[PDB]
């Protein structure tokens, strides 16, 4: 919370100290774990969505050529999901090293689906955006995991 507004508010109560301690406790600047935990939630969500949509596009039928490219993405994402899950376990264990390994793996995954899908004459934007989004997110996670305190 803005140190400004916080003081602008407490400096009007019959007990600034209490008010300041309360607001600071309630709206504190995020810690590294929390930043990482949020980022992984977003990536896991995004990935899950992509996997549900890839399966969909495939289930409704598509030309032999696309169906192959997409089936590729499906396999890539199933791995990605798994890696992200493990990465979450590591973040929980405070293992930034382990987390970093895992997220990198997922990032590739996302990246690979993109490749396996670029040469298509037409692609579902949903899958492309999500894959790029997931790469951006994963990038953030990688940075954060590095700042996690090591052994």
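Residue numbers count along the first chain shown, from 1.
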Given the B-factors recorded for C-alpha atoms, which segment has the greater mean, 88-96 or 107-115? 107-115
Per the entry, where is the mean C-alpha temperature factor higher: 129-137 or 11-19? 11-19
Whose C-alpha has the highest temperature factor in the PDB entry: 46, 53, 121, 37? 121
Please place residue 30 in the lowest, middle or highest third of its chain according to the CA B-factor in the PDB entry. lowest
Lowest, middle or highest third: where is residue 82 by Cα B-factor in its chain? lowest
